[PDB]
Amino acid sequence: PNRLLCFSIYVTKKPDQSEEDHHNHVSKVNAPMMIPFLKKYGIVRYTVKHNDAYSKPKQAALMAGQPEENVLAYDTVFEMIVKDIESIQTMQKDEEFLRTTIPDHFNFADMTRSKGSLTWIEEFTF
């Protein structure tokens, strides 16, 4: 079995946007926009991770006793599992992809505080 890759995008919301509006946009607008492209270009699995009012009390309880500075601050993380980075590169060159998803970034992301990572993964489902 060939190693799968994970492309993660760490997203910080706009400073004046509420967490509510950020996560509602991501779930109700951006994800429906993204999913047909992800499927078309062969992304295997797509996960959206939310650090919002629902999870933050659980995070605080779990990480109690650790410094607050050790908690990752990003509002949303997008993970794309792929067999090859060519999948992502091809989608990012799709002209309809560029003309619809790029303007939508301005509705939820501060693109001056985005980070990314491309890793290979070992997965265990129990």
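Heads up: residue numbers just count along the shown sequence, starting at 1.
Enquirer: Per the entry, where is the mean C-alpha temperature factor higher: 22-30 or 65-73?
Expert: Looking at the recorded C-alpha B-factors, 65-73 comes out higher on average.
Enquirer: Look up the CA B-factors in the entry and say which stretch, 43-51 or 83-91, has the higher mean.
Expert: It is 83-91.
Enquirer: Among the modelled residues of this chain, does the Cα B factor of residue 11 put it in the lowest, middle or highest third?
Expert: Its C-alpha B-factor, which the entry lists for residue 11, ranks in the lowest third among residues of this chain.
Enquirer: Relative to the other modelled residues in the chain, which third contains the C-alpha temperature factor of residue 118: lowest, middle or highest?
Expert: Its C-alpha B-factor, which the entry lists for residue 118, ranks in the lowest third among residues of this chain.
Enquirer: Relative to the other modelled residues of the same chain, rank the CA B-factor of residue 102 and answer lowest, middle or highest third.
Expert: Middle third.
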